[PDB]
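Protein chains in written order, with my numbering: chain A, -1 to 199; chain B, 5 to 202; chain C, -1 to 199; chain D, 5 to 202; chain E, 5 to 202; chain F, -1 to 199.
Even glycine gets a Cβ: it sits at the ideal position worked out from N, Cα and C.
Below is one structure; the comments refer to it alone.
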DNA sequence: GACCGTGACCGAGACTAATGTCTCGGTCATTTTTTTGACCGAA
DNA sequence: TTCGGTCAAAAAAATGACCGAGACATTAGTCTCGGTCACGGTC
DNA sequence: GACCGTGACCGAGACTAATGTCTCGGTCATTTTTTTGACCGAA
DNA sequence: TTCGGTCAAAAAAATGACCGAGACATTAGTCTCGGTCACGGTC
């Protein structure tokens, strides 16, 4: 058979790049979803033939956020042994931070609104499921003892606070510019991931 | 007149203190705010002199209690507790910052009193330097990393700025807040400050 | 709480609380109006537009003392335990022996001389009410069987006698300094005044 | 001879006693004294010095009967009898109590005749001595709770002061003038101050 | 539509490349190529009907790669390394070159679409003239032998064709079908040509 | 010397040389044996003496090839100088392309049929011995240092490609019309052939 | 006691008349494959 | 005044398929191969 | 050799006529002390 | 929506201040204190 498997795959890859080049600061509350259709490599048209104003594999682009997560989970690296997972998770999370800003536009218009319920309620469902899957690793970590033997939502909520703090940090009017020209913050990210909710004799 | 006014002013202090810890919502002007202690319209003016300048004086008296809790008079054993008690102050009664978020996004008319706001910003930087100076003391301890410690400032600042949204914006803490083992873990962080490596 | 609540209540309350310890120093002809006003932190026009002359002040003070003794009488409920009630009575009456001896002096000074007939009559009638209240307490004491079974005015007079003699004990030149601040013998007197009338089978 | 002078002195003393009980102490100079006695003016001064000597000799004879009272003769000396007799002698005749209370600050503490004053203080101390001796005699077999003796002293002090001042009240003495059952009540509960379970 | 067109064209080219490399040219036709294509025989027909549309397309693309190879970007271009890349571009995948010569001597005789062949010889002359100017450039500095350029043109074509015949001779093909050492040996000999004997 | 021996020798020689030219003209398949006989013009009974048939053609042509290689092996000079023999061999291999073409035709119809591929194995053994002598005098000159330290078969295949390139170029219907009257092109080819594979100081 | 080189005759790989079968898909037709722009609602 | 999420479709995109030309491969009369008995010369 | 108890006389702490000086601020007046509700603009 | 930041003021709030009553404290004639020479009785 022909690379029609590969052709739909590379549609999703060109769209991994297309939605990206839009959404480096665009979202949906910042760009009209049908005009996001207009805004891309293919016309608005094939974004309603292949898609429905980004939809048919933008639901999947958000699931591909959730999959760069759910495939980190089953990390293709043979190790997938310990904290290297949640570390790379945080690293993934804290990039093109308009990241939580884009999901904040989604929070404005579609998420708890469920304007695409086909996107966001399924997202809520199975991101809670996959949340409990990373939390299942972190149950393997509570088995490791490297992390505390307290509930796992303890450690999760600490991580959510820490990550949202990273995001909102790079939004502070002038209490971020001291940092914004500093990438010793990235060794600090290494130290965050290695040694938060962690062990210390 | 002398201790008359002192009792008056500490009454003012504790009044706004409790009232901004827990008393405020979508609020008509200080005919609701300072009428929380049943006063009137110009009773606000014997008192506070503001139909709606308490829609910043909430923040200003808050910032004054801030100014006070920036005590550099800790006895011994430098804790970073300028930082940690500031974080405590903010997050303890997390509904304190819920009410800050609320009343702010109710009343916030972009840029209130420039004069007060910028003197605030001034001394905020100054007490940021006092905070950073307790960090300088633990740099005298060699206990915190010798960096430009606006690093440390910002890091724990955001550690709590996210505690606010994890407690406010419905996500997962509000699902498992019923069990305040998580606030007990905030407390554990409160007590497990900078433990040496055994 | 509002405006003139504040002005009225603050002025009069601290006026009273100044004149109290002023009299505990010296007395009531020794201490006088201008002393009291100047000792507050304010002046005598607060006074002279609240109370002009000393008799009004004394009557205010004494019916305030009587309202304090009323709150003392108000033993709420629960069988109205009278042991600790008599205890509090003797303490409230004996503490600051300068205070009770001052009111005894003021009886002969302003009351027996009867400066202000109106508030004097008010005190007479409410004293009838308070004598009735203490009589009621004594009646329920005798009903309980603690006290000796006799009329109640017996024990009314006996309690007044013990209180007066005990404040005199903290006013004599002989054993005042031995007992004016000895909490041990103060409580001893309170026990003797609370363990009175008891049955002896 | 000796008995004639003795009875003359006793007549002068009781005459002046009734006078000072009736009239007073300051305006009652020797005028009323020798007007009532009348045996002879110089013949009255054959026996006494003035009003002041008569005051202090009355107090002397009072304390003489008191010293006659204090005694510990019985083998089975159950001290309830001496205790009740002391309570009676203290509380009986409240007019005598008011009298000597006036005479004290009139002539004693002024001490126009100080030898009798120091003898009064002497016999005060001696009555105190026998009282404490009696208290420890009671405590000997365990017949009281363990408290100081001066506790009981000042307790009886307040008791008798209350009694005399109550029967000298402005109004309630009008009610108690005919109440000897109240006196029996006073005696019973004055015998029953501060006791422990057997 | 458009990018769909790119898809079909590129797939058809690579498919026919593989098939022809294995089986020569009379064997391979529209249908082996359509099957390996998978997206059709009309995919072949409606784009490429005959068998030599493919050959002309292929060899003109090959010579366009040869022209991009002969870069005029570097004015002081390393002509020796460019000649190395030329020899490698033409010699690599030798069975590709034997396929090229097979189709060459086929359609030089048949010439299904002669106008494409007129264009081909014209554009070949154009590339050869650029090559010729570059031979003049590398003769001027004194690396090649000072003779007419087309001498070196025919010499390079002969050397590549002979190396291909070597990479299909039944004796030394297996000795040198993948001798990268001998491949670079051939390249350096063809590139160090015309150098004056020191 | 041998009157009759030389007679028969030159008879075979001239007959099969006439044949060589006949098949440079027409070919070896269409032309049969007594065609060669009537071409030469001797008693064809004498023609059939030679070997048997077209086998005569193939056989003695490979024999002439063998005798050329026999002359090519070794010459006479002090140290048996290398450049002269090398250049002469380069020339002769790059000489007379149609001769080599018809020899390829003979090779093809020798191994296609099964008359005598033994002469083909003889060609390969004389090839091997000539290559061995090539390596031998190459190393004789490298005694003082002549060619770089690469294999000898490297230079073998280099000269192979060179000779085939020359022959195929002068066979190419496009450029042969230009270079057919260019012996300067042959001189250039020889300069290329002698200046390859040599070491550099 | 031996042998070179050509005048007298006739039968078969191929050539030249007479025949026969391929090459893949070309020109067709079929289903079909990413590929606009409107076409409606939320905040 | 900020955007939020939906259907029919070309031009040819993906499966075949009668009927196409001019060219190998034999095979009879011969081409032109493929042969000799018999007749001339020398130690 | 000694001494108890009362008829004959006259001079002074206080009482009773005659006078004289306090108590603090009371009823006044002064300045005065936290104490509404409108009265305007921002975003 | 959705709030943001300003002046005159009572009722008496804070300083005095003539003119207030009925009560200690002496002091002359005496109250009534304060005294005796001189005259009666016993070992």
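Chain-ordered chain B contacts of residue i [CB-CB under 7 Å]
i	result
residue 162/A	166, 169 and 170
Chain-order list of residues whose beta-carbon lies under 8 Å from that of residue i (same chain, five-residue window excluded)
i	result
residue 33/C	20
residue 103/A	25, 26, 27 and 28
residue 137/C	150
residue 127/E	64 and 67
residue 165/A	92, 95, 97, 98 and 99
residue 183/A	177
Contacts that residue i makes with chain E (C-beta to C-beta distance below 7 Å)
i	result
residue 148/F	189
residue 194/F	193
Beta-carbon neighbours of residue i, restricted to chain D and to distances below 7 Å
i	result
residue 152/C	186 and 189
Same chain, Cβ closer than 6 Å to residue i, five either side skipped, listed in chain order
i	result
residue 52/E	58
residue 146/C	195
residue 118/C	112
residue 147/B	198
residue 139/A	145
Closer than 7 Å: residue i CB and nearest the ligand ATP heavy atom
i	result
residue 93/D	Absent from the structure shown: the ligand ATP. Ligands present: none.
Buried versus exposed, by CB contacts within 10 Å (16 or more), residue i
i	result
residue 197/B	exposed
residue 87/B	buried
residue 40/F	exposed
residue 58/F	buried
residue 189/B	buried
residue 204/D	An answer regarding residue 204/D cannot be provided, because it is not within the stretch 5 to 202 covered by chain D.
residue 18/A	exposed
Closer than 8 Å at the beta carbon, the chain B residues around residue i
i	result
residue 0/C	42, 43, 44 and 47
residue 177/A	154, 155 and 158
Cutoff 7 Å; reference residue i; Cβ partners in own chain excluding five residues on either side
i	result
residue 135/F	78 and 80
residue 56/D	111, 116 and 117
residue 54/B	34, 48 and 61
residue 164/E	91, 94 and 95
Interface residues of chain B facing residue i [CB-CB closer than 9 Å]
i	result
residue 199/A	201 and 202
Chain F contact residues for residue i, given Cβ-Cβ distances below 7 Å
i	result
residue 162/E	163, 164, 166 and 167
Cross-chain neighbours of residue i in chain D, by beta carbon under 9 Å
i	result
residue 137/C	Residues of chain D passing the Cβ test: none, with the nearest at roughly 16 Å.
residue 110/C	174
Chain-ordered neighbours of residue i on chain A, where CB pairs are closer than 9 Å
i	result
residue 134/B	Correct list: empty, because the minimum Cβ distance to chain A is about 15 Å.
Note to self: Taking beta-carbon pairs under 8 Å, can you tell me which members of the stretch 5 to 21 of chain B lie near chain C?
What the structure shows: 5, 6, 7 and 8
Margin query: Is it the case that the stretch 25 to 32 of chain C contacts the stretch 76 to 94 of chain C, given that we only count it when at least three CB pairs across the two stretches are under 8 Å?
Written below: no
Checklist line | Contact between the stretch 149 to 156 of chain C and the stretch 173 to 183 of chain D (3+ Cβ pairs under 8 Å) | finding: yes
Next item on the list: Taking 8 Å as the threshold, find out whether the stretch 65 to 79 of chain F comes into contact with the stretch 120 to 138 of chain F through three or more Cβ pairs.
Entry: Proximity of the stretch 65 to 79 of chain F to the stretch 120 to 138 of chain F meets the contact definition, three or more beta-carbon pairs being nearer than 8 Å.
Note to self: Please list, in chain order, the residues of the stretch 85 to 109 of chain B that have any C-beta partner in chain A closer than 9 Å.
What the structure shows: none
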